[PDB]
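Here is the file run14.cif (mmCIF, C-alpha atoms).
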```cif
data_query
#
loop_
_atom_site.label_atom_id
_atom_site.label_comp_id
_atom_site.auth_asym_id
_atom_site.auth_seq_id
_atom_site.Cartn_x
_atom_site.Cartn_y
_atom_site.Cartn_z
CA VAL A 1 88.77 57.75 152.34
CA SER A 2 85.56 59.31 150.99
CA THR A 3 84.54 60.94 147.70
CA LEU A 4 85.50 64.58 147.38
CA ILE A 5 83.30 66.56 145.02
CA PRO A 6 85.02 68.57 142.25
CA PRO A 7 82.50 68.53 139.41
CA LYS A 8 80.25 71.30 140.81
CA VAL A 9 82.77 73.77 142.27
CA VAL A 10 82.91 76.12 139.27
CA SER A 11 80.51 78.47 141.08
CA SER A 12 83.31 80.20 143.01
CA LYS A 13 85.53 80.76 139.95
CA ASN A 14 84.41 80.72 136.32
CA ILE A 15 86.28 78.16 134.22
CA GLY A 16 89.52 79.54 132.82
CA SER A 17 91.77 82.28 134.15
CA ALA A 18 93.11 84.35 131.24
CA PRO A 19 89.79 84.71 129.32
CA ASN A 20 88.00 85.69 132.55
CA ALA A 21 89.51 89.18 132.33
CA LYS A 22 88.53 89.46 128.66
CA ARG A 23 84.96 88.30 129.39
CA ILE A 24 84.05 91.50 131.24
CA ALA A 25 86.07 93.52 128.72
CA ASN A 26 84.16 92.20 125.69
CA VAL A 27 80.68 91.60 127.12
CA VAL A 28 80.03 95.20 128.20
CA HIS A 29 80.71 96.98 124.90
CA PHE A 30 78.03 95.03 123.00
CA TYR A 31 75.13 96.73 124.80
CA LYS A 32 75.75 100.30 123.60
CA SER A 33 76.82 99.19 120.13
CA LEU A 34 75.61 100.69 116.86
CA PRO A 35 73.61 98.09 114.88
CA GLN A 36 74.40 99.54 111.45
CA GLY A 37 75.57 103.15 111.26
CA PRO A 38 73.07 104.43 113.82
CA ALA A 39 72.95 108.22 114.14
CA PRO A 40 75.32 108.81 111.19
CA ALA A 41 74.74 112.60 111.37
CA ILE A 42 75.89 112.91 107.75
CA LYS A 43 73.74 116.05 107.29
CA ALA A 44 74.65 119.35 108.95
CA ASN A 45 74.48 123.07 108.21
CA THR A 46 76.54 125.70 110.04
CA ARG A 47 77.69 127.85 107.06
CA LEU A 48 80.73 125.53 106.80
CA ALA A 49 79.30 122.01 107.23
CA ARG A 50 78.36 121.81 103.54
CA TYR A 51 81.98 122.45 102.55
CA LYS A 52 83.16 119.76 104.98
CA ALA A 53 80.65 117.25 103.61
CA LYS A 54 81.42 117.99 99.96
CA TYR A 55 85.22 118.27 100.13
CA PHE A 56 86.58 117.43 103.61
CA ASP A 57 84.90 114.00 103.63
CA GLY A 58 86.69 110.67 103.48
CA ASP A 59 84.99 109.60 100.24
CA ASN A 60 87.00 111.94 98.00
CA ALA A 61 90.00 112.85 100.20
CA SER A 62 91.76 114.46 97.23
CA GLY A 63 94.07 117.44 96.82
CA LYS A 64 91.41 119.57 95.14
CA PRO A 65 90.50 121.52 98.34
CA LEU A 66 94.13 122.62 98.69
CA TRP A 67 94.16 123.92 95.11
CA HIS A 68 90.84 125.69 95.69
CA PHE A 69 92.29 127.30 98.83
CA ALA A 70 95.34 128.42 96.85
CA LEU A 71 93.11 129.93 94.16
CA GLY A 72 91.06 131.71 96.82
CA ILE A 73 94.13 133.15 98.52
CA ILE A 74 95.43 134.31 95.12
CA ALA A 75 92.12 136.05 94.43
CA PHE A 76 92.16 137.66 97.88
CA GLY A 77 95.78 138.78 97.52
CA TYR A 78 95.39 140.27 94.04
CA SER A 79 93.57 143.29 95.49
CA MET A 80 96.24 144.13 98.06
CA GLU A 81 98.96 143.39 95.51
CA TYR A 82 97.38 146.17 93.45
CA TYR A 83 97.05 148.33 96.58
CA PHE A 84 100.70 147.95 97.61
CA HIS A 85 102.46 147.72 94.24
CA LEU B 1 95.50 143.46 111.58
CA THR B 2 98.55 143.59 109.32
CA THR B 3 99.52 141.12 106.59
CA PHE B 4 101.36 138.91 109.10
CA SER B 5 98.33 138.86 111.42
CA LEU B 6 95.92 137.78 108.68
CA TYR B 7 98.41 135.22 107.36
CA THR B 8 98.80 133.70 110.82
CA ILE B 9 95.06 133.66 111.55
CA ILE B 10 94.41 131.99 108.19
CA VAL B 11 97.16 129.46 108.95
CA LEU B 12 95.61 128.71 112.35
CA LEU B 13 92.14 128.36 110.82
CA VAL B 14 93.29 125.97 108.09
CA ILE B 15 95.48 123.93 110.46
CA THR B 16 92.62 123.49 112.92
CA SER B 17 90.25 122.66 110.05
CA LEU B 18 92.66 119.93 108.95
CA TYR B 19 91.97 118.11 112.25
CA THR B 20 88.67 119.12 113.88
CA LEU B 21 86.83 119.57 110.57
CA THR B 22 88.30 116.49 108.87
CA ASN B 23 86.37 114.34 111.37
CA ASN B 24 82.80 114.33 110.06
CA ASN B 25 81.71 112.43 113.18
CA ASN B 26 85.08 111.11 114.47
CA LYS B 27 84.75 107.46 113.51
CA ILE B 28 87.22 104.68 114.31
CA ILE B 29 87.88 104.01 110.61
CA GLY B 30 90.65 106.61 110.49
CA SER B 31 90.14 108.04 106.99
CA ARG B 32 92.88 108.94 104.50
CA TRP B 33 93.49 112.39 105.99
CA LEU B 34 93.04 110.89 109.45
CA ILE B 35 95.56 108.16 108.59
CA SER B 36 97.91 110.85 107.23
CA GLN B 37 97.74 112.66 110.57
CA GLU B 38 98.27 109.32 112.32
CA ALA B 39 101.35 108.62 110.19
CA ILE B 40 102.75 112.08 110.98
CA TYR B 41 102.16 111.53 114.70
CA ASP B 42 103.87 108.13 114.55
CA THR B 43 106.83 109.56 112.65
CA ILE B 44 107.35 112.43 115.11
CA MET B 45 106.95 110.08 118.10
CA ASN B 46 109.64 107.81 116.68
CA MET B 47 111.94 110.78 116.10
CA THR B 48 111.43 111.33 119.81
CA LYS B 49 112.11 107.69 120.74
CA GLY B 50 115.13 107.31 118.47
CA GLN B 51 116.86 110.60 119.23
CA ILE B 52 115.91 111.60 122.79
CA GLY B 53 114.57 108.30 124.05
CA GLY B 54 115.54 106.31 127.11
CA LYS B 55 113.83 107.89 130.10
CA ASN B 56 111.89 111.01 129.09
CA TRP B 57 111.27 111.09 125.34
CA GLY B 58 107.48 111.16 125.70
CA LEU B 59 107.62 114.30 127.84
CA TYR B 60 109.45 116.22 125.09
CA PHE B 61 107.63 114.73 122.09
CA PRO B 62 104.83 117.39 122.04
CA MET B 63 107.07 120.38 121.26
CA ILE B 64 108.69 118.38 118.46
CA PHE B 65 105.21 117.63 117.10
CA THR B 66 103.96 121.22 117.37
CA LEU B 67 107.09 122.73 115.81
CA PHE B 68 106.87 120.16 113.01
CA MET B 69 103.25 121.07 112.23
CA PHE B 70 103.94 124.82 112.45
CA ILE B 71 106.88 124.53 110.05
CA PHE B 72 104.86 122.20 107.82
CA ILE B 73 101.99 124.68 107.51
CA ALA B 74 104.47 127.53 106.98
CA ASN B 75 106.25 125.65 104.18
CA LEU B 76 103.00 124.50 102.56
CA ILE B 77 102.01 128.15 101.97
CA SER B 78 105.25 129.06 100.22
CA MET B 79 104.74 128.12 96.54
CA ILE B 80 101.33 129.68 95.83
CA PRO B 81 101.90 132.53 93.32
CA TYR B 82 100.61 135.13 95.79
CA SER B 83 101.95 133.35 98.90
CA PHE B 84 104.01 135.78 100.98
CA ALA B 85 106.63 134.20 103.24
CA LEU B 86 105.00 135.35 106.51
CA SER B 87 105.56 139.08 105.84
CA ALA B 88 108.87 138.13 104.14
CA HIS B 89 111.07 139.02 107.11
CA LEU B 90 111.94 135.46 108.23
CA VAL B 91 113.32 136.84 111.50
CA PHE B 92 110.63 134.72 113.17
CA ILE B 93 112.66 131.57 112.48
CA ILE B 94 115.73 133.24 114.01
CA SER B 95 113.69 134.12 117.10
CA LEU B 96 112.47 130.51 117.33
CA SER B 97 116.04 129.22 117.09
CA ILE B 98 117.27 131.65 119.75
CA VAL B 99 114.43 130.86 122.17
CA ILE B 100 114.89 127.11 121.69
CA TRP B 101 118.63 127.37 122.33
CA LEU B 102 117.95 129.48 125.43
CA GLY B 103 115.42 126.95 126.70
CA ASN B 104 117.84 124.08 126.11
CA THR B 105 120.59 125.92 128.00
CA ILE B 106 118.20 126.69 130.87
CA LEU B 107 117.17 123.03 131.01
CA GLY B 108 120.82 121.97 131.06
CA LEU B 109 121.68 124.42 133.85
CA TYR B 110 118.62 123.25 135.80
CA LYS B 111 119.02 119.47 135.50
CA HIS B 112 122.83 119.52 135.69
CA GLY B 113 123.91 122.92 136.99
CA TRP B 114 127.69 123.17 137.01
CA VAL B 115 127.89 119.67 135.50
CA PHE B 116 126.73 121.23 132.21
CA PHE B 117 130.24 122.68 131.89
CA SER B 118 131.58 119.10 131.91
CA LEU B 119 129.83 118.50 128.58
CA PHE B 120 132.73 120.35 126.91
CA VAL B 121 135.00 117.43 127.91
CA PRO B 122 133.24 114.27 126.63
CA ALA B 123 135.85 111.51 127.01
CA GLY B 124 139.48 112.65 127.09
CA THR B 125 141.25 115.93 126.27
CA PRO B 126 143.32 116.43 129.45
CA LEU B 127 144.22 119.73 131.12
CA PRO B 128 146.64 121.05 128.43
CA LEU B 129 143.80 120.85 125.88
CA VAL B 130 140.85 121.58 128.21
CA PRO B 131 140.59 125.36 127.53
CA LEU B 132 140.75 124.78 123.78
CA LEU B 133 138.03 122.12 123.98
CA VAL B 134 135.72 124.25 126.12
CA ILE B 135 136.19 127.28 123.83
CA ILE B 136 135.51 125.16 120.74
CA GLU B 137 132.37 123.59 122.19
CA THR B 138 131.07 126.92 123.51
CA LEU B 139 131.51 128.46 120.05
CA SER B 140 129.82 125.41 118.50
CA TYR B 141 126.84 125.87 120.82
CA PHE B 142 126.75 129.58 120.00
CA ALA B 143 126.64 128.64 116.31
CA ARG B 144 123.87 126.14 117.11
CA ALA B 145 121.92 129.02 118.66
CA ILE B 146 121.69 130.60 115.18
CA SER B 147 121.80 127.39 113.11
CA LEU B 148 118.07 126.66 113.07
CA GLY B 149 116.78 130.10 112.05
CA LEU B 150 119.49 130.85 109.49
CA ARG B 151 118.47 127.61 107.78
CA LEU B 152 114.71 127.30 107.33
CA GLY B 153 114.32 131.08 107.14
CA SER B 154 117.22 131.41 104.72
CA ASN B 155 115.94 128.65 102.44
CA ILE B 156 112.38 130.02 102.42
CA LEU B 157 113.57 133.55 101.63
CA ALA B 158 115.98 132.28 98.95
CA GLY B 159 113.20 130.26 97.34
CA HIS B 160 110.87 133.26 97.32
CA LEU B 161 113.57 135.52 95.88
CA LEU B 162 114.39 132.97 93.17
CA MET B 163 110.66 132.80 92.42
CA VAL B 164 110.42 136.58 92.06
CA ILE B 165 113.58 137.01 89.98
CA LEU B 166 112.69 134.11 87.67
CA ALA B 167 109.20 135.51 87.09
CA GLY B 168 110.64 138.98 86.47
CA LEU B 169 113.31 137.95 83.97
CA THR B 170 110.97 135.91 81.72
CA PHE B 171 108.42 138.72 81.31
CA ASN B 172 109.01 138.51 77.53
CA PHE B 173 108.01 134.84 77.39
CA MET B 174 105.49 135.33 74.58
CA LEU B 175 105.08 139.11 74.69
CA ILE B 176 106.97 140.32 71.59
CA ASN B 177 109.65 137.72 70.74
CA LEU B 178 109.52 135.53 67.64
CA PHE B 179 111.64 132.73 69.18
CA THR B 180 109.05 131.68 71.79
CA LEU B 181 109.20 127.98 70.85
CA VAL B 182 110.00 125.18 73.31
CA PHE B 183 113.49 126.68 73.56
CA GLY B 184 111.79 129.78 74.96
CA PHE B 185 109.52 127.53 77.04
CA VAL B 186 112.58 125.99 78.77
CA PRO B 187 112.39 128.81 81.38
CA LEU B 188 108.92 127.49 82.23
CA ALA B 189 110.55 124.08 82.70
CA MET B 190 113.11 125.51 85.13
CA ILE B 191 110.34 127.35 87.00
CA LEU B 192 108.48 124.03 87.33
CA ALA B 193 111.70 122.38 88.50
CA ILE B 194 112.21 125.02 91.20
CA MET B 195 108.58 124.53 92.26
CA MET B 196 109.34 120.87 92.90
CA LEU B 197 112.69 121.71 94.51
CA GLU B 198 111.14 124.25 96.88
CA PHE B 199 108.45 121.78 97.93
CA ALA B 200 110.88 118.93 98.57
CA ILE B 201 113.37 121.24 100.29
CA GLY B 202 110.70 122.64 102.59
CA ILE B 203 109.52 119.19 103.66
CA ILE B 204 113.01 117.74 104.13
CA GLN B 205 114.14 120.82 106.06
CA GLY B 206 111.14 120.57 108.36
CA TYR B 207 112.41 117.05 109.02
CA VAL B 208 115.89 118.57 109.46
CA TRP B 209 114.55 121.01 112.07
CA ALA B 210 112.79 118.22 113.96
CA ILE B 211 115.85 115.98 114.08
CA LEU B 212 118.15 118.89 115.01
CA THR B 213 115.99 120.03 117.92
CA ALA B 214 115.67 116.40 119.04
CA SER B 215 119.46 116.04 119.03
CA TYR B 216 119.84 119.31 120.93
CA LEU B 217 117.33 118.15 123.55
CA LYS B 218 119.18 114.84 123.91
CA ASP B 219 122.49 116.67 124.38
CA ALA B 220 120.84 118.87 127.01
CA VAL B 221 119.23 116.06 129.02
CA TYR B 222 121.93 113.40 128.53
CA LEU B 223 125.59 114.25 129.06
CA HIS B 224 128.14 112.28 127.05
#
```
The structure given in the file should be rewritten as structure tokens.
Amino acid sequence: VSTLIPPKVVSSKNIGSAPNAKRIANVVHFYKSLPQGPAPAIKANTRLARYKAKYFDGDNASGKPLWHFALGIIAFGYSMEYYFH
Amino acid sequence: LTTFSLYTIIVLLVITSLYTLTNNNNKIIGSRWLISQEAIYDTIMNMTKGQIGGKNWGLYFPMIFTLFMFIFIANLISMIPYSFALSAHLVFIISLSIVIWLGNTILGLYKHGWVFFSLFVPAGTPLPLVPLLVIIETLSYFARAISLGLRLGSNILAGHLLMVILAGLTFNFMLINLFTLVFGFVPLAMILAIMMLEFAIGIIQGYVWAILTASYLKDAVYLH
């Protein structure tokens, strides 16, 4: 008999139902987000970090470190091969 | 620290370097070695789903994964000219097979108890043939107890022995002979071939071990 008032009732529930769950999921991660490679930490030195940076990095990612390890184990084992036989 | 101890500590160091040292800062990009580890994880997890899946595959996936990586790192250090096959006794693989069979039997006797004896009679085979069936399946399980060790261990030792005998018998490759042409270089070709064969065999038999232990776990948990 009178005029009910829909057009300003969105205060109680934000428009949409499915994207409401994703709103909180995607709005919160943008605060603590790296602008462009912040704190890359590409430089380190712990007597083995240089080897990791030079060979164990994703830029090369080749089979050369495995061959170097094989050569090193051969060099180490030559001495005890002489010692045993 | 004996040869086996140093070999195992080096294996542990390199295997942990392949994961914790591959990550420069543990990015979400998932680099080529990271994506290789991801592919291996996905493959082992889908062994688990395909062969033991249905209620409790995820629970038993980790031992499949760990055994796969241990066998992978053992087989990787098998072709290096100095590489010794883990003190060259290979009884370790037999011990692993025996302990895995014992664990599977314990799991069967725990989750089924006396019902585990009903596994010897899958579908039919009535009373006149029941003792024969139970004897046959018990002997098959006893053979399974030794199948896994006398398999990977046997192939690794056979590959190493072939390596040694081949290298020994071509010692005159260009020492004093006059016929050391490509005909005399053919032995080098067969040595290269057995390099490739040993590599492929090691990888495919690691896969064999994974699928066999998955099937054994399925037979233990699920009675058919």
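Using all atoms listed in the file, one finds that the residues of chain B close to chain A, at 8 Å or less, are residues 21, 22, 23, 24, 25, 31, 32, 33, 80, 81, 82 and 83 of chain B.
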Point-to-point distance from atom CA of residue B:37 to atom CA of residue B:19, Å rounded to tenths | 8.1 Å
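Take atom CA of residue B:188 and atom CA of residue B:160: the distance between them is 16.3 Å.
For the set B:100, B:198, B:141, B:175, the residue with the smallest atom-to-atom gap to residue B:120 is B:141, counting all atoms listed in the file.
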Nearby residues (all atoms listed in the file) at most 10 Å from residue B:46, same-chain spacing under 6 positions excluded, as a PyMOL selection string | chain B and resi 40+52-53+57-58+61
Write out, as a PDB file, in the coordinates of the input, the residues just selected, with C-alpha atoms.
```
ATOM      1  CA  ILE B  40     102.750 112.080 110.980  1.00  0.00           C
ATOM      2  CA  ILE B  52     115.910 111.600 122.790  1.00  0.00           C
ATOM      3  CA  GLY B  53     114.570 108.300 124.050  1.00  0.00           C
ATOM      4  CA  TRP B  57     111.270 111.090 125.340  1.00  0.00           C
ATOM      5  CA  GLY B  58     107.480 111.160 125.700  1.00  0.00           C
ATOM      6  CA  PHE B  61     107.630 114.730 122.090  1.00  0.00           C
TER       7      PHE B  61
END
```
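Rounded to one decimal, atom CA of residue B:3 and atom CA of residue A:79 lie 12.8 Å from each other.
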Could the centre and edge lengths of an axis-aligned box, enclosing all atoms of stretch 64-74 of chain A in the file with 5 Å extra on each side, be given in Å to one decimal as lines of an AutoDock Vina configuration file?
```
center_x = 93.0
center_y = 126.9
center_z = 96.5
size_x = 14.9
size_y = 24.7
size_z = 14.7
```
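Distances from B:148, B:14, B:194, B:123 to residue B:208 were compared using all atoms listed in the file, and the smallest one belongs to B:148.
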Could you give me, as a VMD selection string, the residues within 12 Å of stretch 169-174 of chain B, counting all atoms listed in the file and dropping anything in the same chain fewer than 4 positions from it?
-> chain B and resid 162 to 165 178 to 191
I need the residues from that last selection saved to file as a PDB file, in the coordinates of the input (with C-alpha atoms), if you can.
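Once written, selection16.pdb looks like this:
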```pdb
ATOM      1  CA  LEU B 162     114.390 132.970  93.170  1.00  0.00           C
ATOM      2  CA  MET B 163     110.660 132.800  92.420  1.00  0.00           C
ATOM      3  CA  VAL B 164     110.420 136.580  92.060  1.00  0.00           C
ATOM      4  CA  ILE B 165     113.580 137.010  89.980  1.00  0.00           C
ATOM      5  CA  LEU B 178     109.520 135.530  67.640  1.00  0.00           C
ATOM      6  CA  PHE B 179     111.640 132.730  69.180  1.00  0.00           C
ATOM      7  CA  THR B 180     109.050 131.680  71.790  1.00  0.00           C
ATOM      8  CA  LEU B 181     109.200 127.980  70.850  1.00  0.00           C
ATOM      9  CA  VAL B 182     110.000 125.180  73.310  1.00  0.00           C
ATOM     10  CA  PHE B 183     113.490 126.680  73.560  1.00  0.00           C
ATOM     11  CA  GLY B 184     111.790 129.780  74.960  1.00  0.00           C
ATOM     12  CA  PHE B 185     109.520 127.530  77.040  1.00  0.00           C
ATOM     13  CA  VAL B 186     112.580 125.990  78.770  1.00  0.00           C
ATOM     14  CA  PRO B 187     112.390 128.810  81.380  1.00  0.00           C
ATOM     15  CA  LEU B 188     108.920 127.490  82.230  1.00  0.00           C
ATOM     16  CA  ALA B 189     110.550 124.080  82.700  1.00  0.00           C
ATOM     17  CA  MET B 190     113.110 125.510  85.130  1.00  0.00           C
ATOM     18  CA  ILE B 191     110.340 127.350  87.000  1.00  0.00           C
TER      19      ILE B 191
END
```
Give as a PyMOL selection string the residues that the PyMOL selection byres ((chain B and resi 197) around 12) matches when applied to the coordinates above.
-> chain B and resi 78-79+155-156+158-159+162-163+190-196+198-205
How about saving the chosen residues, C-alpha atoms kept, as a PDB file, in the frame of the given file?
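Saved file result.pdb follows:
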```pdb
ATOM      1  CA  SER B  78     105.250 129.060 100.220  1.00  0.00           C
ATOM      2  CA  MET B  79     104.740 128.120  96.540  1.00  0.00           C
ATOM      3  CA  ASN B 155     115.940 128.650 102.440  1.00  0.00           C
ATOM      4  CA  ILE B 156     112.380 130.020 102.420  1.00  0.00           C
ATOM      5  CA  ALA B 158     115.980 132.280  98.950  1.00  0.00           C
ATOM      6  CA  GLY B 159     113.200 130.260  97.340  1.00  0.00           C
ATOM      7  CA  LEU B 162     114.390 132.970  93.170  1.00  0.00           C
ATOM      8  CA  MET B 163     110.660 132.800  92.420  1.00  0.00           C
ATOM      9  CA  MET B 190     113.110 125.510  85.130  1.00  0.00           C
ATOM     10  CA  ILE B 191     110.340 127.350  87.000  1.00  0.00           C
ATOM     11  CA  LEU B 192     108.480 124.030  87.330  1.00  0.00           C
ATOM     12  CA  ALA B 193     111.700 122.380  88.500  1.00  0.00           C
ATOM     13  CA  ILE B 194     112.210 125.020  91.200  1.00  0.00           C
ATOM     14  CA  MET B 195     108.580 124.530  92.260  1.00  0.00           C
ATOM     15  CA  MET B 196     109.340 120.870  92.900  1.00  0.00           C
ATOM     16  CA  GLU B 198     111.140 124.250  96.880  1.00  0.00           C
ATOM     17  CA  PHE B 199     108.450 121.780  97.930  1.00  0.00           C
ATOM     18  CA  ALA B 200     110.880 118.930  98.570  1.00  0.00           C
ATOM     19  CA  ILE B 201     113.370 121.240 100.290  1.00  0.00           C
ATOM     20  CA  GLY B 202     110.700 122.640 102.590  1.00  0.00           C
ATOM     21  CA  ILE B 203     109.520 119.190 103.660  1.00  0.00           C
ATOM     22  CA  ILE B 204     113.010 117.740 104.130  1.00  0.00           C
ATOM     23  CA  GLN B 205     114.140 120.820 106.060  1.00  0.00           C
TER      24      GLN B 205
END
```
Could you tell me which residues the PyMOL selection byres ((chain B and resi 218) around 12) grabs in this file, written as JSON, numbers by chain?
-> {"B": [47, 48, 49, 50, 51, 52, 53, 54, 55, 56, 57, 60, 61, 104, 105, 107, 108, 211, 212, 213, 214, 215, 216, 217, 219, 220, 221, 222, 223, 224]}
